[PDB]
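Data first, discussion second: the structure below is written as structure tokens.
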Amino acid sequence: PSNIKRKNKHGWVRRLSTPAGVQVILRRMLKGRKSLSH
Amino acid sequence: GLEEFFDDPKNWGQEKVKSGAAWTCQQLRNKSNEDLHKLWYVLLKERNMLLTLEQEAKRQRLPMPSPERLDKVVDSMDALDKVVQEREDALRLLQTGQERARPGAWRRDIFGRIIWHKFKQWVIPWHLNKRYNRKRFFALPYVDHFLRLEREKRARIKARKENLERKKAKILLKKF
Amino acid sequence: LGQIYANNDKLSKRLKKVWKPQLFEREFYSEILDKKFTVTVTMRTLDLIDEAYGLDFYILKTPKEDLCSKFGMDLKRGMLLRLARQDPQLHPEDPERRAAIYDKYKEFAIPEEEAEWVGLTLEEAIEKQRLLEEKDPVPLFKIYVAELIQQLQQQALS
Amino acid sequence: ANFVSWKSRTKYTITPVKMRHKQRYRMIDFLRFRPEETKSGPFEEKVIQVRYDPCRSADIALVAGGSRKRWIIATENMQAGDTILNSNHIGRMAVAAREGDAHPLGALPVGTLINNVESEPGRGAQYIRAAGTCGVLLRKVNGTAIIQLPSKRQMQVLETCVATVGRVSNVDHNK
Amino acid sequence: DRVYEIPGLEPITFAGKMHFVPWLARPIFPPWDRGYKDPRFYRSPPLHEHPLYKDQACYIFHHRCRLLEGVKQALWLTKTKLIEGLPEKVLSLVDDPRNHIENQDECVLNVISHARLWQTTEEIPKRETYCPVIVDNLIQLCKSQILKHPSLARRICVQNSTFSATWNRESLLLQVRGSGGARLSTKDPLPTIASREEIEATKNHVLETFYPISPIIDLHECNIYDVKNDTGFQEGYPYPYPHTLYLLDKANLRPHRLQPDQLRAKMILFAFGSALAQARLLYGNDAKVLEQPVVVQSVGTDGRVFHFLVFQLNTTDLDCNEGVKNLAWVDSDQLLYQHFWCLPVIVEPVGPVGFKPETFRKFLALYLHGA
Amino acid sequence: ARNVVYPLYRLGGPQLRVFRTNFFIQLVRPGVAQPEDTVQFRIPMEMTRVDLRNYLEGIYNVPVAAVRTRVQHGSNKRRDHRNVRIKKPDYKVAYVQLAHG
RNA sequence: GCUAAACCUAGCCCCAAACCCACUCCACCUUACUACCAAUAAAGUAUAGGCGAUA
RNA sequence: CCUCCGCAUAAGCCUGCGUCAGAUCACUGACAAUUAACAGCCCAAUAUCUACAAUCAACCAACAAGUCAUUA
RNA sequence: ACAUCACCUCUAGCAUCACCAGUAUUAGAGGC
RNA sequence: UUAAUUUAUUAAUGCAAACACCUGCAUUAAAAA
């Protein structure tokens, strides 16, 4: 377990870095997840 | 000194301390900016005392002597803030015509939703601001499908709500 | 971007094909804008050039869907603005040639307001409009001063 | 991926460079004849140290000329304190060159062993560069020399391309 | 964007918005200049409008510059004769047994053992830790002689002293910027060592010059320079005459350390610079032969290997390649002990081995000069 | 003041002044033995050490000699009927050593 | 007689109609929630099709 | 009577045997706490300097050829 | 075991993103 | 892989176009279905 690693791969910045990650966040926002990212 | 954090020693352990009405907004509108200033600090001291007492009562496992006056002080300070804020915005509307103190804009973030972006203070202008220019205030065409699906989700929630209201009205008319 | 059959027989496989044009880096002269433009074109572009008798006539004649080029519409907008403005900056200290060229394209003379919005993508038009109606909010001080002056005028006439 | 190449230094430097057993990289100057700033024509250079280099098979020489040191690649008998002439003038006759100096191929006795051969005038020395290697100047025509590479494939280069004479150092790297 | 090419129309950009937009043209922004001066974000002017930018490039020898061949560059750069070995005068200061500390050898041995073994909590003191301490302790041992020679009350050992000195050789402009520790200052100047006959015999000498590398190599090219001779103190300062420059090579790593030849060149140039600053302060900026040549000595150390220099500066007309020349006496590779064992090896006990007290005797002689 | 934007300072600019401070304070009884000159406060998260010093000195005329601060972590180990964690808020504790003995 | 059983109403579904949402203050693309720098019908008709499955 | 364990830091975890009160081989509610010197959190530019391993670094002993610096 | 030193086999006469800032006593592709 | 037929491509050629790159039309192989 590592916080640096976790925030590097699944974090908000990494998600928004690409259109695929933006789509992940959009999917999770449509579903209503409390946690959209790490 | 530090005695102002506690009320008069004659009231310690009295279990009921008498207090008067809280300031209304209308009453505070007739006072000067300086009277509002000093009254603010008077209320600041009073609230600090009451918070100190509340915490100490929690610590001693005893009920607070009179918790209503804390609410009254809080309401008084909210009224004072409202009065001063009204004066500030009236003056701003007069001199500048602006309705809000903080500049902002209607922007459209990466997820395609309209937001009110509030501006920040910077030293360098925006075109050489490395961090600011990383933000995306536009949506690419892959968002519009998700925008449509969110719209449909909202529509579903509204339809359910309106239908449920109508069913409840039918039940009410049935009983009565 | 299409598909074909392997040997022009439908009993063969279906395989993907792309048909690309032949691009020529040619160089033209817009007389009305008075500029040498290097442009990537096609042989067909040269043919409509020949039939239209000039880059100018070709640009102000060919409609948007037939031009299918944003650069073509930038050229169109510039040309139509230069006509509408009667702009003396085409050929300074040379009025007879300016008048000759400007009369040569009297047909495509348009109002300047109409020429301003020609060839604009929708987002570009919204950006122009939002500049246009962006005004600093007029302070309520002068509104109220004018109202008070007006009320005093009304009371004076009473 | 996050691959940024270490090959990122711009200026020529005499110092080793941390590159990505661990090794540091000594920048070699293969443009053997380069006149320095506000100098031209041939120029002498001095060998300060003949140094082992991890990045390659041959060993190298720290060689200082005028106001600049530089790493060049060593020939077989090159000592510390040796003096080497980097020449440009194509002589009318051949030049009876010593073991380690660099001349345009027009200025060599034909049938001598050369190394660090260019491909264009101003290209830099691309070939005959590994340990103990050598190539013999076979014959030359008008503005043209023909080389025998150690793979015995002959090469037609211009006359005014600089090559160094002698064979490359660190012999018996093979054995 | 091709809209920038059309002579008529102005491109529509995202400058109205305060953000980038992929479907609008990129605006052209004016070069922004911050109105006020803020130290943390200062950009210096490019190297032309500095108030002192001289076309004639100057060459600076600072505390870092490691010479190529070494000593030869120092003699050439200074036009100085090099005589191996200190003169009879200095060595005769310790010729007698009376000019000696009580339990001299043992005392020096104890200083060594302190520096190398008994210094810190760390088992093996490192070079930065034991080099300056060896130096300072040796000066303290030497200063223990104030009983015999009271004149030693008129000298001080000042640190963080920087001097500068400018001189021309042929067409090359040279400037030395000495920034080194442990400079010893005396109220009284050092008497001349070289008498008339040796300096008048140095004329026949020709300084040997080398090739192909220019005798300017590895010195700092510097175009933003000031031709200012700085002796390192304000005027009217007591103890104004330099006596001995103590320079130490205290880098742990071998590459980071000066070679002994390079260190000797270091001290030659530093002593020359000190003497030249003194000469210019006492005689003005005139290139002449001094009737009162200035003598300044230096002690260079690696931590255990010592070197001694005595410099006699007698000419200020450096530009010429003939005439009288300065002269320096050198003692080189004067190691004060061969090795030091911090752990017993199993055979050889902890301590120094190869301790030779003549090196410290020379140290003491140099210290007692002018006393 | 809390929950406000602060005007940005630039070199040679006017002193930042707060006219109606927004953060409020309580002095709480220490949970452990403390020196005689130490007074313990519970303080808002945004309020700094300099802010607390100036606050006491100005509003309450208390001569302050030293201030120390720590952030106390509230417990997240307690749950609803829905197995959802309930947070006790974190808070700031200030230790004020009074001046002039 | 223990365990247990039983309960109606939260809400939801399908339609109709009508085109929806989105700045208390503050914070949030950097490690997010971080004050601040380079119809119907025609009709399964005509037609297409390893002329067949089918279309 | 065991001790092949322990004590700190790092990483990770996040109040998870402190006090008061209650229920439950014989957790819940409330209150309280970790105080910087340790450690994070750095650096004004423009050029321009950075050939010689470590191993007690002195020999020896080598190869796989090395972990280190400024000036105006 | 693979890798990797080392060894064997085959290919390659050459330059700026690997090979390579290398040049057939070399490099790459394999195998152990 | 020397099943089916094909070369979408990639590497080459040959021929058209243009005054080598780019394009269109055929052929030969590797890697491919």
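Here's how to read the names in the structure tokens: chain A, B, ... by the order shown, residue numbers from 1 in each chain, ligand numbers from 1 in the order shown.
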
Extract, using only C-alpha atoms (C1' of nucleotides), all DNA, RNA and protein residues at most 9 Å from residue 152 of chain D, discarding same-chain residues fewer than 3 positions from it, and format them as an MDAnalysis selection string.
-> (chainID D and resid 135 147:149) or (chainID I and resid 13)

For residue 66 of chain F, work out the shell of residues within 7 Å, counting only C-alpha atoms (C1' of nucleotides) and skipping chain neighbours fewer than 2 positions away, then give it as an mmCIF file with N, CA, C and O atoms, in the first residue's frame.
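Now in selection11.cif:
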data_model
loop_
_atom_site.group_PDB
_atom_site.id
_atom_site.type_symbol
_atom_site.label_atom_id
_atom_site.label_comp_id
_atom_site.auth_asym_id
_atom_site.auth_seq_id
_atom_site.Cartn_x
_atom_site.Cartn_y
_atom_site.Cartn_z
ATOM 1 N N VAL F 64 0.843 38.525 25.895
ATOM 2 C CA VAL F 64 1.134 37.151 25.540
ATOM 3 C C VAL F 64 2.632 37.016 25.266
ATOM 4 O O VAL F 64 3.222 37.833 24.567
ATOM 5 N N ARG F 68 1.707 28.297 21.163
ATOM 6 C CA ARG F 68 1.919 27.054 20.474
ATOM 7 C C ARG F 68 0.575 26.497 20.048
ATOM 8 O O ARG F 68 -0.448 26.779 20.641
ATOM 9 N N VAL F 96 -1.097 29.307 25.361
ATOM 10 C CA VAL F 96 -0.644 30.676 25.488
ATOM 11 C C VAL F 96 0.099 30.829 26.812
ATOM 12 O O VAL F 96 -0.492 30.710 27.875
ATOM 13 N N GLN F 97 1.398 31.088 26.729
ATOM 14 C CA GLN F 97 2.174 31.409 27.904
ATOM 15 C C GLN F 97 2.150 32.915 28.108
ATOM 16 O O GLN F 97 2.647 33.653 27.265
ATOM 17 N N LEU F 98 1.598 33.349 29.245
ATOM 18 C CA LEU F 98 1.427 34.758 29.562
ATOM 19 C C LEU F 98 2.755 35.421 29.921
ATOM 20 O O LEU F 98 3.690 34.764 30.365
#

Could you pull the residues within 7 Å of residue 139 of chain B, counting only C-alpha atoms (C1' of nucleotides), minus those fewer than 4 positions along the same chain, as a list in words?
-> residues 108, 109, 110, 111, 112 and 143 of chain B

Store the residues of this selection in a file with C-alpha atoms, as a PDB file, in the first residue's frame.
ATOM      1  CA  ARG B 108     -18.397  25.618 -18.745  1.00  0.00           C
ATOM      2  CA  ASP B 109     -16.062  23.072 -17.177  1.00  0.00           C
ATOM      3  CA  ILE B 110     -14.745  19.795 -18.595  1.00  0.00           C
ATOM      4  CA  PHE B 111     -17.889  17.947 -17.571  1.00  0.00           C
ATOM      5  CA  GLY B 112     -19.986  20.301 -19.699  1.00  0.00           C
ATOM      6  CA  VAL B 143     -19.639  15.003 -22.849  1.00  0.00           C
TER       7      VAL B 143
END

DSSP on the backbone, then: every residue of segment 1-92 of chain F marked strand (DSSP E or B), written as a ChimeraX atom specification.
-> /F:26-27,38-43,64-72,79,85,91-92

File dump, residues just selected, N, CA and C atoms, as a PDB file, in the first residue's frame:
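After the write, out22.pdb holds the following:
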ATOM      1  N   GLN F  26     -12.461  29.880  22.539  1.00  0.00           N
ATOM      2  CA  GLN F  26     -12.835  29.566  23.910  1.00  0.00           C
ATOM      3  C   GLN F  26     -11.602  29.164  24.677  1.00  0.00           C
ATOM      4  N   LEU F  27     -11.560  29.496  25.975  1.00  0.00           N
ATOM      5  CA  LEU F  27     -10.473  29.004  26.792  1.00  0.00           C
ATOM      6  C   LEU F  27     -10.998  27.853  27.625  1.00  0.00           C
ATOM      7  N   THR F  38       0.349  29.084  31.671  1.00  0.00           N
ATOM      8  CA  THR F  38      -0.169  28.566  30.422  1.00  0.00           C
ATOM      9  C   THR F  38      -1.687  28.559  30.451  1.00  0.00           C
ATOM     10  N   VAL F  39      -2.287  29.140  29.413  1.00  0.00           N
ATOM     11  CA  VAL F  39      -3.722  29.167  29.234  1.00  0.00           C
ATOM     12  C   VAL F  39      -4.027  28.424  27.941  1.00  0.00           C
ATOM     13  N   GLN F  40      -5.030  27.561  27.991  1.00  0.00           N
ATOM     14  CA  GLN F  40      -5.343  26.698  26.882  1.00  0.00           C
ATOM     15  C   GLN F  40      -6.620  27.183  26.204  1.00  0.00           C
ATOM     16  N   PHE F  41      -6.569  27.260  24.871  1.00  0.00           N
ATOM     17  CA  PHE F  41      -7.693  27.706  24.083  1.00  0.00           C
ATOM     18  C   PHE F  41      -8.045  26.663  23.036  1.00  0.00           C
ATOM     19  N   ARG F  42      -9.339  26.607  22.711  1.00  0.00           N
ATOM     20  CA  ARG F  42      -9.809  25.970  21.500  1.00  0.00           C
ATOM     21  C   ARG F  42     -10.097  27.054  20.482  1.00  0.00           C
ATOM     22  N   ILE F  43      -9.581  26.838  19.279  1.00  0.00           N
ATOM     23  CA  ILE F  43      -9.339  27.853  18.270  1.00  0.00           C
ATOM     24  C   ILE F  43      -9.754  27.283  16.912  1.00  0.00           C
ATOM     25  N   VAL F  64       0.843  38.525  25.895  1.00  0.00           N
ATOM     26  CA  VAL F  64       1.134  37.151  25.540  1.00  0.00           C
ATOM     27  C   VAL F  64       2.632  37.016  25.266  1.00  0.00           C
ATOM     28  N   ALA F  65       3.246  35.984  25.838  1.00  0.00           N
ATOM     29  CA  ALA F  65       4.679  35.751  25.705  1.00  0.00           C
ATOM     30  C   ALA F  65       4.998  34.643  24.696  1.00  0.00           C
ATOM     31  N   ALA F  66       4.245  33.539  24.714  1.00  0.00           N
ATOM     32  CA  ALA F  66       4.462  32.469  23.749  1.00  0.00           C
ATOM     33  C   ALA F  66       3.133  31.869  23.332  1.00  0.00           C
ATOM     34  N   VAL F  67       3.082  31.364  22.092  1.00  0.00           N
ATOM     35  CA  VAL F  67       1.909  30.658  21.607  1.00  0.00           C
ATOM     36  C   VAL F  67       2.367  29.408  20.865  1.00  0.00           C
ATOM     37  N   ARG F  68       1.707  28.297  21.163  1.00  0.00           N
ATOM     38  CA  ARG F  68       1.919  27.054  20.474  1.00  0.00           C
ATOM     39  C   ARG F  68       0.575  26.497  20.048  1.00  0.00           C
ATOM     40  N   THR F  69       0.566  25.697  18.996  1.00  0.00           N
ATOM     41  CA  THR F  69      -0.677  25.247  18.389  1.00  0.00           C
ATOM     42  C   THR F  69      -0.551  23.765  18.054  1.00  0.00           C
ATOM     43  N   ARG F  70      -1.656  23.044  18.152  1.00  0.00           N
ATOM     44  CA  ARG F  70      -1.733  21.709  17.595  1.00  0.00           C
ATOM     45  C   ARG F  70      -3.119  21.452  17.039  1.00  0.00           C
ATOM     46  N   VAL F  71      -3.181  20.544  16.059  1.00  0.00           N
ATOM     47  CA  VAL F  71      -4.447  20.138  15.473  1.00  0.00           C
ATOM     48  C   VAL F  71      -4.870  18.806  16.089  1.00  0.00           C
ATOM     49  N   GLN F  72      -6.044  18.784  16.717  1.00  0.00           N
ATOM     50  CA  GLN F  72      -6.572  17.576  17.332  1.00  0.00           C
ATOM     51  C   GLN F  72      -7.539  16.908  16.348  1.00  0.00           C
ATOM     52  N   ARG F  79     -20.595   4.991  14.271  1.00  0.00           N
ATOM     53  CA  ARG F  79     -21.420   4.785  13.102  1.00  0.00           C
ATOM     54  C   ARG F  79     -22.887   5.057  13.390  1.00  0.00           C
ATOM     55  N   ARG F  85     -19.969   6.143   8.967  1.00  0.00           N
ATOM     56  CA  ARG F  85     -19.087   6.748   9.951  1.00  0.00           C
ATOM     57  C   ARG F  85     -19.558   8.160  10.293  1.00  0.00           C
ATOM     58  N   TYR F  91     -10.172  20.034  15.626  1.00  0.00           N
ATOM     59  CA  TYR F  91     -10.138  21.383  16.129  1.00  0.00           C
ATOM     60  C   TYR F  91      -8.705  21.814  16.400  1.00  0.00           C
ATOM     61  N   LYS F  92      -8.504  23.087  16.773  1.00  0.00           N
ATOM     62  CA  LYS F  92      -7.156  23.556  17.018  1.00  0.00           C
ATOM     63  C   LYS F  92      -7.035  23.928  18.494  1.00  0.00           C
TER      64      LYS F  92
END

Residues of chain A in helix (DSSP H, G or I) according to DSSP, as a short mmCIF file (atom, residue, chain, number, x, y, z; two decimals) with N, CA, C and O atoms, in the first residue's frame?
data_model
loop_
_atom_site.label_atom_id
_atom_site.label_comp_id
_atom_site.auth_asym_id
_atom_site.auth_seq_id
_atom_site.Cartn_x
_atom_site.Cartn_y
_atom_site.Cartn_z
N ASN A 3 0.29 5.71 -0.67
CA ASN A 3 -0.59 6.82 -0.99
C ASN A 3 -0.13 7.52 -2.27
O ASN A 3 -0.96 7.94 -3.07
N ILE A 4 1.18 7.66 -2.45
CA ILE A 4 1.68 8.29 -3.66
C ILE A 4 1.23 7.51 -4.89
O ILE A 4 0.73 8.10 -5.86
N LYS A 5 1.40 6.19 -4.86
CA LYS A 5 1.03 5.33 -5.97
C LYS A 5 -0.47 5.42 -6.25
O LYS A 5 -0.89 5.53 -7.40
N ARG A 6 -1.27 5.36 -5.18
CA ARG A 6 -2.72 5.37 -5.31
C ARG A 6 -3.21 6.67 -5.94
O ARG A 6 -4.00 6.66 -6.88
N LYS A 7 -2.72 7.81 -5.43
CA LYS A 7 -3.13 9.09 -5.97
C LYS A 7 -2.55 9.34 -7.36
O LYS A 7 -3.12 10.09 -8.14
N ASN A 8 -1.43 8.69 -7.68
CA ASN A 8 -0.86 8.84 -8.99
C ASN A 8 -1.67 8.11 -10.04
O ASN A 8 -1.86 8.63 -11.14
N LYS A 9 -2.16 6.91 -9.74
CA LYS A 9 -2.87 6.18 -10.78
C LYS A 9 -4.36 6.51 -10.80
O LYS A 9 -4.92 6.67 -11.88
N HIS A 10 -5.03 6.60 -9.64
CA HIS A 10 -6.48 6.70 -9.68
C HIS A 10 -7.00 8.06 -9.25
O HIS A 10 -8.19 8.19 -8.96
N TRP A 12 -7.86 12.29 -9.11
CA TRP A 12 -8.63 13.25 -9.88
C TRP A 12 -7.81 13.81 -11.04
O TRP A 12 -8.31 13.93 -12.16
N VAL A 13 -6.54 14.15 -10.78
CA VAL A 13 -5.72 14.74 -11.81
C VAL A 13 -5.47 13.73 -12.92
O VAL A 13 -5.56 14.05 -14.12
N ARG A 14 -5.13 12.50 -12.53
CA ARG A 14 -4.87 11.46 -13.51
C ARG A 14 -6.14 11.17 -14.32
O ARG A 14 -6.06 10.89 -15.51
N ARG A 15 -7.30 11.20 -13.67
CA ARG A 15 -8.53 10.96 -14.38
C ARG A 15 -8.77 12.06 -15.41
O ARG A 15 -8.96 11.78 -16.59
N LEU A 16 -8.72 13.32 -14.98
CA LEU A 16 -9.00 14.41 -15.90
C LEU A 16 -7.90 14.57 -16.95
O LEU A 16 -8.08 15.32 -17.91
N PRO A 19 -9.33 12.03 -21.98
CA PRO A 19 -10.77 11.91 -22.21
C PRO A 19 -11.39 10.63 -21.64
O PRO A 19 -12.51 10.67 -21.14
N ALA A 20 -10.63 9.53 -21.63
CA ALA A 20 -11.14 8.30 -21.03
C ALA A 20 -11.40 8.46 -19.53
O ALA A 20 -12.43 7.99 -19.00
N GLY A 21 -10.49 9.14 -18.82
CA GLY A 21 -10.69 9.38 -17.40
C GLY A 21 -11.82 10.35 -17.12
O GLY A 21 -12.55 10.20 -16.13
N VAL A 22 -11.98 11.35 -17.98
CA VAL A 22 -13.11 12.24 -17.84
C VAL A 22 -14.41 11.45 -17.98
O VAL A 22 -15.39 11.71 -17.30
N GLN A 23 -14.41 10.47 -18.89
CA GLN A 23 -15.59 9.64 -19.06
C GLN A 23 -15.81 8.73 -17.85
O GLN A 23 -16.95 8.45 -17.49
N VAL A 24 -14.74 8.27 -17.21
CA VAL A 24 -14.89 7.54 -15.97
C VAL A 24 -15.60 8.40 -14.92
O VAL A 24 -16.54 7.97 -14.24
N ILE A 25 -15.13 9.63 -14.76
CA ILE A 25 -15.70 10.52 -13.78
C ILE A 25 -17.15 10.84 -14.14
O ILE A 25 -18.02 10.95 -13.27
N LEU A 26 -17.45 11.02 -15.43
CA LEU A 26 -18.80 11.31 -15.85
C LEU A 26 -19.72 10.12 -15.58
O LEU A 26 -20.87 10.29 -15.16
N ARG A 27 -19.25 8.90 -15.85
CA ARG A 27 -20.01 7.71 -15.52
C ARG A 27 -20.32 7.65 -14.03
O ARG A 27 -21.44 7.32 -13.62
N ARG A 28 -19.31 7.91 -13.20
CA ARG A 28 -19.51 7.83 -11.76
C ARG A 28 -20.43 8.95 -11.26
O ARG A 28 -21.17 8.76 -10.30
N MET A 29 -20.39 10.11 -11.91
CA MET A 29 -21.29 11.18 -11.53
C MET A 29 -22.74 10.86 -11.94
O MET A 29 -23.68 11.24 -11.26
N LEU A 30 -22.91 10.19 -13.07
CA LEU A 30 -24.24 9.75 -13.46
C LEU A 30 -24.76 8.70 -12.49
O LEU A 30 -25.94 8.68 -12.15
N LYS A 31 -23.91 7.78 -12.07
CA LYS A 31 -24.34 6.74 -11.16
C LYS A 31 -24.68 7.33 -9.79
O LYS A 31 -25.51 6.78 -9.07
#

Go ahead and compute the interatomic distance for atom CA of residue 45 of chain E and atom CA of residue 12 of chain F, in Å to one decimal.
-> 23.5 Å

Show which residues sit within 12 Å of residue 27 of chain I, as a PyMOL selection string. Count only C-alpha atoms (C1' of nucleotides), and ignore same-chain residues fewer than 4 positions away.
-> (chain D and resi 56-57+129-130) or (chain I and resi 11-12+14+19-20+22-23)

Keeping only N, CA and C atoms (P, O5', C5', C4', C3', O3' and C1' of nucleotides), write the selected residues to a file as a PDB file, in the first residue's frame.
ATOM      1  N   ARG D  56      32.256   2.483 -24.180  1.00  0.00           N
ATOM      2  CA  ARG D  56      32.700   2.003 -25.476  1.00  0.00           C
ATOM      3  C   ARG D  56      33.904   1.089 -25.295  1.00  0.00           C
ATOM      4  N   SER D  57      34.357   0.495 -26.397  1.00  0.00           N
ATOM      5  CA  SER D  57      35.402  -0.514 -26.340  1.00  0.00           C
ATOM      6  C   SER D  57      36.793   0.116 -26.290  1.00  0.00           C
ATOM      7  N   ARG D 129      35.910   2.870 -35.701  1.00  0.00           N
ATOM      8  CA  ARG D 129      35.903   3.554 -34.424  1.00  0.00           C
ATOM      9  C   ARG D 129      36.049   2.621 -33.221  1.00  0.00           C
ATOM     10  N   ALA D 130      35.840   1.307 -33.383  1.00  0.00           N
ATOM     11  CA  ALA D 130      35.877   0.409 -32.234  1.00  0.00           C
ATOM     12  C   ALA D 130      37.328   0.097 -31.860  1.00  0.00           C
TER      13      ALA D 130
ATOM     14  P     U I  11      24.958 -13.932 -42.222  1.00  0.00           P
ATOM     15  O5'   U I  11      24.185 -12.546 -41.985  1.00  0.00           O
ATOM     16  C5'   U I  11      22.791 -12.418 -42.377  1.00  0.00           C
ATOM     17  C4'   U I  11      22.221 -11.152 -41.786  1.00  0.00           C
ATOM     18  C3'   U I  11      23.016  -9.872 -42.067  1.00  0.00           C
ATOM     19  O3'   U I  11      22.733  -9.322 -43.344  1.00  0.00           O
ATOM     20  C1'   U I  11      22.447  -9.959 -39.770  1.00  0.00           C
ATOM     21  P     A I  12      23.918  -8.718 -44.247  1.00  0.00           P
ATOM     22  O5'   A I  12      24.112  -7.232 -43.674  1.00  0.00           O
ATOM     23  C5'   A I  12      22.941  -6.388 -43.464  1.00  0.00           C
ATOM     24  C4'   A I  12      23.306  -5.226 -42.574  1.00  0.00           C
ATOM     25  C3'   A I  12      24.686  -4.617 -42.801  1.00  0.00           C
ATOM     26  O3'   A I  12      24.703  -3.772 -43.935  1.00  0.00           O
ATOM     27  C1'   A I  12      24.366  -4.923 -40.508  1.00  0.00           C
ATOM     28  P     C I  14      26.075   2.109 -46.282  1.00  0.00           P
ATOM     29  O5'   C I  14      25.470   2.695 -44.921  1.00  0.00           O
ATOM     30  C5'   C I  14      26.283   3.556 -44.089  1.00  0.00           C
ATOM     31  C4'   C I  14      25.461   3.969 -42.895  1.00  0.00           C
ATOM     32  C3'   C I  14      26.028   5.127 -42.064  1.00  0.00           C
ATOM     33  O3'   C I  14      24.973   5.848 -41.434  1.00  0.00           O
ATOM     34  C1'   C I  14      25.856   3.259 -40.715  1.00  0.00           C
ATOM     35  P     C I  19      20.366   2.886 -26.707  1.00  0.00           P
ATOM     36  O5'   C I  19      20.838   2.123 -28.032  1.00  0.00           O
ATOM     37  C5'   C I  19      20.853   0.670 -28.037  1.00  0.00           C
ATOM     38  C4'   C I  19      20.906   0.174 -29.460  1.00  0.00           C
ATOM     39  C3'   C I  19      22.136   0.587 -30.266  1.00  0.00           C
ATOM     40  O3'   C I  19      23.266  -0.204 -29.932  1.00  0.00           O
ATOM     41  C1'   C I  19      20.167   0.736 -31.600  1.00  0.00           C
ATOM     42  P     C I  20      24.709   0.475 -29.746  1.00  0.00           P
ATOM     43  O5'   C I  20      24.296   1.958 -29.338  1.00  0.00           O
ATOM     44  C5'   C I  20      25.233   2.713 -28.556  1.00  0.00           C
ATOM     45  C4'   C I  20      24.925   4.175 -28.721  1.00  0.00           C
ATOM     46  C3'   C I  20      23.571   4.637 -28.171  1.00  0.00           C
ATOM     47  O3'   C I  20      23.764   5.883 -27.539  1.00  0.00           O
ATOM     48  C1'   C I  20      23.738   5.243 -30.428  1.00  0.00           C
ATOM     49  P     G I  22      29.250   8.290 -30.116  1.00  0.00           P
ATOM     50  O5'   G I  22      30.145   6.988 -29.870  1.00  0.00           O
ATOM     51  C5'   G I  22      29.813   6.118 -28.796  1.00  0.00           C
ATOM     52  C4'   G I  22      29.550   4.732 -29.307  1.00  0.00           C
ATOM     53  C3'   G I  22      30.282   4.264 -30.568  1.00  0.00           C
ATOM     54  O3'   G I  22      31.525   3.657 -30.249  1.00  0.00           O
ATOM     55  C1'   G I  22      27.975   3.789 -30.736  1.00  0.00           C
ATOM     56  P     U I  23      32.783   3.697 -31.251  1.00  0.00           P
ATOM     57  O5'   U I  23      32.236   3.177 -32.672  1.00  0.00           O
ATOM     58  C5'   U I  23      32.240   1.738 -32.853  1.00  0.00           C
ATOM     59  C4'   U I  23      31.812   1.303 -34.235  1.00  0.00           C
ATOM     60  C3'   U I  23      32.869   1.418 -35.340  1.00  0.00           C
ATOM     61  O3'   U I  23      32.923   0.202 -36.076  1.00  0.00           O
ATOM     62  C1'   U I  23      30.862   2.363 -36.058  1.00  0.00           C
TER      63        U I  23
END

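From atom CA of residue 3 of chain E back to atom CA of residue 25 of chain E, the distance works out to 8.6 Å.
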
Quick one: residues within 12 Å of residue 29 of chain J, only C-alpha atoms (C1' of nucleotides) counted, chain neighbours fewer than 4 positions away excluded, as number ranges by chain?
-> J: 7, 10-13

Do a neighbour search on residue 318 of chain E at 7 Å with only C-alpha atoms (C1' of nucleotides), toss out local chain neighbours closer than 3 positions, and write the hits as a PyMOL selection string.
-> chain E and resi 168-169+315

Selection export as a compact mmCIF listing (two decimals), in the first residue's frame, atoms kept: C-alpha atoms:
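Output file result.txt follows:
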# COMPACT_ATOMS: atom_id res chain seq x y z
CA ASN E 168 48.77 42.66 -17.66
CA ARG E 169 51.04 40.07 -19.25
CA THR E 315 58.83 44.17 -10.23
